[PDB]
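Engineer:
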Amino acid sequence: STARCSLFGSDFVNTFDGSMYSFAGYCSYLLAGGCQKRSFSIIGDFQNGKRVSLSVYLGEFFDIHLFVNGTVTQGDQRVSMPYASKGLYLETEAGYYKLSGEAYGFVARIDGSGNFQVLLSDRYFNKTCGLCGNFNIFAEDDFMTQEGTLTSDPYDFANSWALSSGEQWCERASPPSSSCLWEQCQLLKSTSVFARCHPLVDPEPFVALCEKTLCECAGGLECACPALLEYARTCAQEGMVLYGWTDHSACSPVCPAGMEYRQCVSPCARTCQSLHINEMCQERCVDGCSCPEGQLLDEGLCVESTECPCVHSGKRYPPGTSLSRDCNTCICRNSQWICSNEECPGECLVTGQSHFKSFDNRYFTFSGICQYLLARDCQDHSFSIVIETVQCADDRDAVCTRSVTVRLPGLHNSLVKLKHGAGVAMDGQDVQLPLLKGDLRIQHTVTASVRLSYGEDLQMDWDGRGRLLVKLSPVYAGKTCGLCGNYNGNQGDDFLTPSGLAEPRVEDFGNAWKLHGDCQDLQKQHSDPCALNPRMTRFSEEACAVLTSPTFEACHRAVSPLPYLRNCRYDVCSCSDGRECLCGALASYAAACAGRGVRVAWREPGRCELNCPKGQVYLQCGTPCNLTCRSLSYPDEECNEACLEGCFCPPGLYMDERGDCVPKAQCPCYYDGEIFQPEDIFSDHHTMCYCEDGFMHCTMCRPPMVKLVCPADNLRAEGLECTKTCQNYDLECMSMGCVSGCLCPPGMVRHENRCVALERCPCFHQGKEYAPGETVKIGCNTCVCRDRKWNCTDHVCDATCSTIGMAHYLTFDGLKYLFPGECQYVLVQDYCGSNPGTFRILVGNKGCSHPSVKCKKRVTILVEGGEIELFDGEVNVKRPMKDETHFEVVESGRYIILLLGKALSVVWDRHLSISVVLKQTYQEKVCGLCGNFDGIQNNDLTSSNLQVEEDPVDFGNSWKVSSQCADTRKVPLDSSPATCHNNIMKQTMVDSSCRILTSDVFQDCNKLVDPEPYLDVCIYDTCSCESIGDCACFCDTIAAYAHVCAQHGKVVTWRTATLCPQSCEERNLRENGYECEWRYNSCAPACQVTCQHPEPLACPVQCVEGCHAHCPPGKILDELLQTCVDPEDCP
Ligand SMILES: *[C@@H]1O[C@H](CO)[C@@H](O[C@@H]2O[C@H](CO)[C@@H](O[C@@H]3O[C@H](CO)[C@@H](O)[C@H](O)[C@@H]3O)[C@H](O)[C@H]2NC(C)=O)[C@H](O)[C@H]1NC(C)=O
Ligand SMILES: *[C@@H]1O[C@H](CO)[C@@H](O)[C@H](O)[C@H]1NC(C)=O
Ligand SMILES: *[C@@H]1O[C@H](CO)[C@@H](O)[C@H](O)[C@H]1NC(C)=O
Ligand SMILES: *[C@@H]1O[C@H](CO)[C@@H](O)[C@H](O)[C@H]1NC(C)=O
Ligand SMILES: *[C@@H]1O[C@H](CO)[C@@H](O)[C@H](O)[C@H]1NC(C)=O
Ligand SMILES: [Ca+2]
Ligand SMILES: [Ca+2]
Ligand SMILES: [Ca+2]
């Protein structure tokens, strides 16, 4: 139940108990709020006697103003409409500005006419003490003045609740001294439609209100409409709702547009862009506007059902607009963004100090000093790009790439070596660019950057300092080994190694691709070079921040700047010269943007001016086809290039051999691989040519293993420069000419120092070596080391969607992202498409924009039967599900493990951590905030409208269960969130405290599951949380990481007496003294057979920390009394 008080009419009031009167004040009087423990207060602002604005104050800190013309303020600043915040979801319900606070309990509406409203909860029975009268069934005692004296004059009682504020003084409001046939409202007691209500609230007070209005009622046929509408609303709230009224004489309650004032319009209000979530429309009917019928409510006005625009990247799109992604394209069907399914060309950017972007985008930093295999065909060896990395800037965390050694085997056996400084060394001797061959076309670019180009499949962009940009066509598809990983479009597996197993650590994966056996394997890959050079932190942050500024806002939606921001920070803190490396990082992000399709200037005086040579000009977005006298000499070769942003020359000019461009029609006449000056006639025995313009117009020691050095024929044999070790036997070793050293017998590889047979050499996993025939367990799969290669058993294991922290999620395929949501979102769901759905898990929360101490997650599990809502700290089942057979509520440890079906095994932390575990059955059939469980991480941001979104914010906003609540604003901030950014003191302590994840206790597990996602989740969600007393915000993240570790059989006992202590004393506390049975076990077992659950169950998680009773062998545990007793004393 709930009461209702409305400041309807013109200066009228209706208390919570029915008493009504007139009062035109000016001092923003207190409508409702307890007088003992206020904790919040609805204030009805008044202007010159008119009802202007309805304010709500929470405690003494949060101020919200609603106004009657739709504008909103926080007290000193304006805000947009949906404006979800700490409670107080201010929305538009049915054309009326609704302000809903449920944690406290009330709902404030302001319809077009300006009639306020309030729906206080029963828990304020006899407790509210505002201007709307105390909420007691007795309606005659609703003039309780703030002084505590019950008066009879309404104006005295009303003025006793005035609330002045600073400039807004006030005085005793007094009734206007104005005195006085439209008898229309007499029908309140005559017409049948109203007559039905007579058993309910009587009309006589409303007839008196008529007479009072009618006395003046300045206007025409309006003296009655306010009272009639108020009576109808009061009757509807009291029970039955007057159907059919407003068809006789009412003023047609105003609506913004699409005039459809309709009694009992469901607030669910299926709108234009909604997920069609049925069964959540349980909210009671409320009188309000609506769309005519066939129309559907769009963002603003009503539009036709067949006109719903598609939404992508947080903007609207008329049907059929069909914008194009990188290489695929979408069509914008009826809000479905049907998209193509081609394969785009890959790229393996290697820019920066040590930064890689695998073909399947897997931004990572390795920083190893050796020769590493970047990309290779493997399936059909046709190119073996290899990089040689060497430390720069006399700092450990600075490992540039010095050269590249492409090994195109098609052209006999070429060894094109893109040297430092943009030189090329085809098979030893340097070569004068441009160069042509069978298909090789290495040549300069507009910028000083060699561009190797094989037969329209390879395309490199070496640039000297180091920028390799290997680009492959879809032909190579999923056949490409090397540091760029298989080019199969899935970013998850791009950490594979020659042994055939993905390395969880970047270091192991990188070391796997060594060529020289003597190079040092990389240890922990430091993430913060700034720590070694503190003087650079300020400049690094303040300079790389530009990547997250309006200058790059256009590209922000196309390419997420986070990896590029991290790379810029690392380079600036690590590079030898801050200026050049900063410009390189910014140019890298800009180039990524431009290649995606968006061009950003980002180049300003001082910052990164290109400073083109005299005679050249910058002209961002220039054309490269022309701008070479050679181009004139060969005017029918090709032109299929685009904007390059290089240093071109003024129109009408032409690059010459020397480099200048003053030549316009005085150009060399490149011909037969020779240079001819202008007008250089020439006549051989079978032709005669003259060079005009630019075109050459023409007519007519240690036994027992054998020792060999090399044949020394042309320095081809493999000397000691590369000795085939089983760790690198498969890899293509570099060829630096014969060194004339030792070598193992041809039919067996080297190992350590003793040469051993190839079939007998251990594989590797996490650095550790495993001898042939051994085996290792990965998840629910086991692998055996054979021929230095892992043979794994393929059983797709259960995927675990999670919501680490409050703003971070972990998809089934493994993607982790940030989404600070407030509304109710679809965590998991199988109502994706043609497949008939079976369940929907919604993870709606409250006050969780910024992860806060009071944030709480409300999970509603709409299984086939009905809601299984989880809230607070216990499970509620507000529906008997159709098949209660498959339903358990095992609450081992601190968790509420559920088994809602054969596969669905939701695991709950009794707090803000929720895990959904699915089996092979729900593969590629699920959708929501946790991807689709297809094994591909890239396609896990697919929005509700079946399009991939770069920014996780838009993708999350696409999954809100409602469609009017609010959309999380795309915050451009970076690491060090708001409460973390400008604190330093809090930033540092948070960073240090959220480092236990890398402590010794977690050290054993860190090598099995990287903590960086959880490090971020802890640095975030801990600065955001103002943990006071309740220290769960920080502790919960660590506990979640420990739980993940335990899932991998790496139990960690990290809790202490001073670090997130967890006690169990209260359980053992019993009338019999002390039981000593309930103790905290860091891991504990899974669901334990108990009196209420004698039979065993297949729990999703084998181990779960928390309290548990270590009962002796007999007398298994009970449930109600939380004590273990003989099996007899239970059912
Ligand atoms: C809905 O009603 C509210 C309440 O009247 C309107 O707020 C008022 O908006 C006007 C528009 O500019 C404000 O005028 C400006 O005030 C500032 C500060 O006093 C002054 O420096 C300017 O020169 C200008 O006069 C006015 O202050 C403001 N009153 C408030 C906030 O109490 C609101 O504009 C209305 N909605 C719409 C859409 O108009
Ligand atoms: C209102 O409060 C007073 C004192 O707390 C109490 O005596 C009285 O019974 C209350 N009224 C109702 C209806 O509970
Ligand atoms: C170069 O190409 C541009 C674009 O097609 C064209 O306008 C121009 O005439 C060409 N020649 C020169 C010398 O710029
Ligand atoms: C896996 O083992 C089976 C049985 O020994 C064998 O037939 C199969 O070839 C093995 N797979 C690989 C990739 O070696
Ligand atoms: C937790 O329980 C398991 C199995 O019951 C046991 O092996 C382990 O020693 C326990 N740990 C502690 C700290 O009691
Ligand atoms: Ca009362
Ligand atoms: Ca891949
Ligand atoms: Ca997927």
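Going by the numbering used here, the first residue of the sequence shown is number 647, and it counts up by one from there.
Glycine is no exception: its CB is placed at the ideal position from the N, C-alpha and C atoms.
Please state the DSSP three-state secondary structure of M1631.
Structural biologist: helix
Engineer: Should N1213 be listed as close to ligand 7, given that the test is whether its C-beta is under 7 angstroms from any heavy atom?
Structural biologist: Result no, Cβ not under 7 angstroms from ligand 7.
Engineer: Taking 7 angstroms as the cut-off, does the CB of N924 come closer than this to any heavy atom belonging to ligand 2?
Structural biologist: The answer is no for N924.
Engineer: Can you list, in chain order, the stretches of the beta strand (DSSP E) that have 3 or more residues and sit fully within the segment 1042-1073?
Structural biologist: 1045-1050
Engineer: If I measure Cβ to Cβ from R1042 and keep anything under 6 angstroms in the same chain, skipping five residues before and after, which residues do I get?
Structural biologist: none
Engineer: Between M1527 and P1497, which are expected to be in contact by the criterion C-beta below 8 angstroms, what is the C-beta distance as a whole number of angstroms?
Structural biologist: 32 angstroms between Cβ atoms; not a contact.
Engineer: Find out if the Cβ-Cβ distance for the pair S647, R879 is shorter than 8 angstroms.
Structural biologist: no
Engineer: Run through DSSP, which three-state label would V949 get?
Structural biologist: strand
Engineer: Along the chain, where does the alpha helix (DSSP H) containing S1448 start, and where does it finish?
Structural biologist: Unbroken run through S1448 is the beta strand (DSSP E), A1445 to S1448; no alpha helix (DSSP H).
Engineer: Just checking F1601 against ligand 6 - is the residue's beta carbon closer than 7 angstroms to any of the ligand's heavy atoms?
Structural biologist: For ligand 6, not one heavy atom lies less than 7 angstroms from the Cβ of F1601.
Engineer: Is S1495 closer than 8 angstroms to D1682 when the C-beta atoms are compared?
Structural biologist: no
Engineer: Can the beta-carbon of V714 be found less than 8 angstroms from the beta-carbon of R697?
Structural biologist: Contact: yes.
Engineer: On the criterion of 16 or more Cβ atoms from any shown chain inside 10 Å, does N1652 qualify as buried, or is it exposed?
Structural biologist: buried
Engineer: At what residues does the beta strand (DSSP E) containing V1032 begin and finish?
Structural biologist: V1032 to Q1037
Engineer: According to DSSP, is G1156 helix, strand or coil?
Structural biologist: helix
Engineer: In whole angstroms, give me the CA-to-CA distance for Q999 and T1047.
Structural biologist: 8 angstroms
Engineer: Can you tell me which of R1701, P1659, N1481 and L1715 puts its alpha carbon nearest to the alpha carbon of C1729?
Structural biologist: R1701
Engineer: Output the residues surrounding ligand 4, defined as those with a CB atom closer than 7 angstroms to any ligand heavy atom, in chain order.
Structural biologist: Any residue whose Cβ sits closer than 7 angstroms to a heavy atom of ligand 4 makes the list: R1432 and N1437.
Engineer: Between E850 and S806, what straight-line distance do the alpha-carbon atoms span, to the nearest angstrom?
Structural biologist: 28 angstroms
Engineer: Just list the residues that DSSP pairs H1411 with in beta bridges.
Structural biologist: Looking at the DSSP output, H1411 bridges to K1414.
Engineer: Per DSSP, what kind of secondary structure is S1279 in: helix, strand or coil?
Structural biologist: helix
Engineer: Just confirm the distance between the C-beta atoms of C673 and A808, as a whole number of angstroms; I'd bet it's less than 8 angstroms.
Structural biologist: 4 angstroms
Engineer: May I ask you to list the residues that DSSP assigns as paired with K1117?
Structural biologist: Answer is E993 and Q1105, bridged to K1117.
Engineer: Counting pairs of beta carbons, one from the segment 1653-1664 and one from the segment 1698-1718, are three or more of them closer than 8 angstroms?
Structural biologist: no
Engineer: Flag this pair as touching only if the segment 1178-1190 and the segment 1215-1229 have three or more C-beta atom pairs under 8 angstroms; answer yes or no.
Structural biologist: yes
Engineer: Could you check how far apart the C-beta atoms of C1706 and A1732 are, in whole angstroms? I think they sit under 8 angstroms.
Structural biologist: So it is not a contact: roughly 23 angstroms between Cβ atoms.
Engineer: Hey, quick one: how far does the alpha helix (DSSP H) through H1172 stretch, first residue to last?
Structural biologist: It is not in any alpha helix (DSSP H) - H1172 carries neither H nor E in the DSSP assignment.
Engineer: Is it buried or exposed for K1606, if we count other Cβ within 10 angstroms and need 16 for buried?
Structural biologist: buried
Engineer: Apart from the five residues on each side of it in sequence, which residues of its chain come closer than 7 angstroms, Cβ to Cβ, to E925?
Structural biologist: Apart from sequence neighbours up to five positions away, the residues of its chain that approach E925 with a beta-carbon distance below 7 angstroms are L1508, ordered along the chain.
Engineer: For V1385, which residues of its own chain have a beta-carbon under 6 angstroms away from its beta-carbon, when the five flanking residues on both sides are left out?
Structural biologist: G1365, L1366 and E1367
Engineer: Between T1093 and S1145, what straight-line distance do the alpha-carbon atoms span, to the nearest angstrom?
Structural biologist: 40 angstroms
Engineer: Helix, strand or coil: which one does DSSP assign to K1503?
Structural biologist: strand
Engineer: Under the rule that 16 or more other beta-carbon atoms within 10 Å means buried, what is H1532, buried or exposed?
Structural biologist: exposed
Engineer: Check for me: the beta strand (DSSP E) holding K1761 runs from which residue to which?
Structural biologist: Taken as a continuous stretch (DSSP letters only), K1761 belongs to no beta strand (DSSP E), as it is neither H nor E.
Engineer: Should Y1264 be listed as close to ligand 3, given that the test is whether its C-beta is under 7 angstroms from any heavy atom?
Structural biologist: no
Engineer: Kindly list the residues whose CB is nearer than 6 angstroms to the CB of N1481, restricted to its own chain and excluding five residues on each side of it in sequence; keep chain order.
Structural biologist: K1571
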